[PDB]
Each structure stands twice: as structure tokens, then as C-alpha cells.
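To start, the structure under review is shown below, and the notes come after it.
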Amino acid sequence: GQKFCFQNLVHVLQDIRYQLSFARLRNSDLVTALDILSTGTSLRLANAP
Amino acid sequence: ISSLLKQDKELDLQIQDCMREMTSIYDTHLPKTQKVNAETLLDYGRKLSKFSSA
């Protein structure tokens with residue numbers, strides 16, 4: 001039971017780290033958004049042969 | 001003959017230079033092959049932010 005305690009704690013810590021990535025928000029990619037205003041992904045075309 | 005040929009080559013190069021400069025000034029280009037509201041823009045970009053990001 002004591003071991004189970006250790007492990008269980010690790011799993012809870014991982015889980016809350018997961019929720020952590022779920023809670024942050026990142027600055028918008030306006031570039032891609034403006035390209036999609038004009039309905040293409042200008043990036044993926046120019047770049048690609 | 002050699003002097004006179006040199007003179008002709010030089011004159012040819014002078015007409016070269018003048019046409020070169022006129023065609024440089026007139027830069028020749030091929031022909032070219034909506035406005036946005038920022039709100040819908042910003043919301044869309046922030047949506048996209050998680051999905052275009054690692």
C-alpha cells in the first residue's frame with residue numbers, strides 16, 4: 001500500500017501536468033489566419049515543390 | 001583596319017550602353033497573376049494557435 005501510494009502520487013502529478021497543457025493559451029498565429037482569410041494556406045504552397 | 005575595327009567595336013558598345021540604360025530604367029515586369037475585421041481575425045488566430053503549435 002505504501003508503494004501504491006508513491007506510484008499513485010506520480011500518476012496524479014502527471015495528470016495535473018496534462019491539465020496544465022490544457023489550460024495555457026498561446027499567442028495567435030495571425031499569419032496563418034490572414035492567409036486563411038484569402039482561403040489558401042499560402043505557406044504550405046510556396047514552401048512545397 | 002585594326003584601329004578602325006576597334007573604333008567600330010567601341011561604337012557598338014556605346015549603343016549597347018544606351019539601350020541597356022533605357023531598358024534598365026523601364027523595368028519590365030510581368031503582370032500580376034477582401035478587407036478584414038480584426039475581431040473574427042483574432043479569434044480565428046487564437047483558435048489556430050494551439051493547432052499550428054507543437
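FYI, nothing fancy with the C-alpha cells labels: chains A, B, ... in order, residues from 1 per chain, ligands from 1 as they appear.
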Can I get the residues of chain B within 8 Å of chain A, each with the closest pair of atoms and their distance in Å to one decimal, using only C-alpha atoms, sorted chain first then ascending number, as JSON lines?
```
{"residue": "B:34", "atom": "CA", "partner": "A:38", "partner_atom": "CA", "distance": 7.6}
{"residue": "B:36", "atom": "CA", "partner": "A:37", "partner_atom": "CA", "distance": 7.6}
{"residue": "B:41", "atom": "CA", "partner": "A:33", "partner_atom": "CA", "distance": 6.6}
{"residue": "B:42", "atom": "CA", "partner": "A:30", "partner_atom": "CA", "distance": 7.1}
{"residue": "B:44", "atom": "CA", "partner": "A:33", "partner_atom": "CA", "distance": 6.3}
{"residue": "B:45", "atom": "CA", "partner": "A:28", "partner_atom": "CA", "distance": 4.7}
{"residue": "B:46", "atom": "CA", "partner": "A:28", "partner_atom": "CA", "distance": 4.1}
{"residue": "B:47", "atom": "CA", "partner": "A:28", "partner_atom": "CA", "distance": 7.4}
{"residue": "B:48", "atom": "CA", "partner": "A:29", "partner_atom": "CA", "distance": 6.6}
{"residue": "B:49", "atom": "CA", "partner": "A:28", "partner_atom": "CA", "distance": 4.7}
{"residue": "B:50", "atom": "CA", "partner": "A:26", "partner_atom": "CA", "distance": 6.7}
{"residue": "B:52", "atom": "CA", "partner": "A:29", "partner_atom": "CA", "distance": 7.6}
```
Could you turn the residues from that selection into a file that holds C-alpha atoms, as a PDB file, in the first residue's frame?
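Dumped everything to out.pdb:
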```
ATOM      1  CA  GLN B  34     -11.088  41.484 -49.201  1.00  0.00           C
ATOM      2  CA  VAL B  36     -10.733  42.040 -42.717  1.00  0.00           C
ATOM      3  CA  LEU B  41      -9.369  37.512 -37.265  1.00  0.00           C
ATOM      4  CA  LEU B  42      -8.006  37.444 -33.712  1.00  0.00           C
ATOM      5  CA  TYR B  44      -9.551  32.577 -35.547  1.00  0.00           C
ATOM      6  CA  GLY B  45      -5.820  33.011 -34.999  1.00  0.00           C
ATOM      7  CA  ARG B  46      -6.027  32.113 -31.325  1.00  0.00           C
ATOM      8  CA  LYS B  47      -8.073  29.018 -32.194  1.00  0.00           C
ATOM      9  CA  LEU B  48      -5.388  28.079 -34.713  1.00  0.00           C
ATOM     10  CA  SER B  49      -2.688  28.842 -32.146  1.00  0.00           C
ATOM     11  CA  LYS B  50      -2.961  25.515 -30.330  1.00  0.00           C
ATOM     12  CA  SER B  52      -0.361  25.042 -35.582  1.00  0.00           C
TER      13      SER B  52
END
```
At what distance in Å, to one decimal, does atom CA of residue 23 of chain A lie from atom CA of residue 35 of chain A? 27.0 Å
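Pairwise distance (atom CA of residue 16 of chain B, atom CA of residue 29 of chain B) equals 21.1 Å.
Note that the spacing between atom CA of residue 40 of chain B and atom CA of residue 39 of chain A amounts to 14.4 Å.
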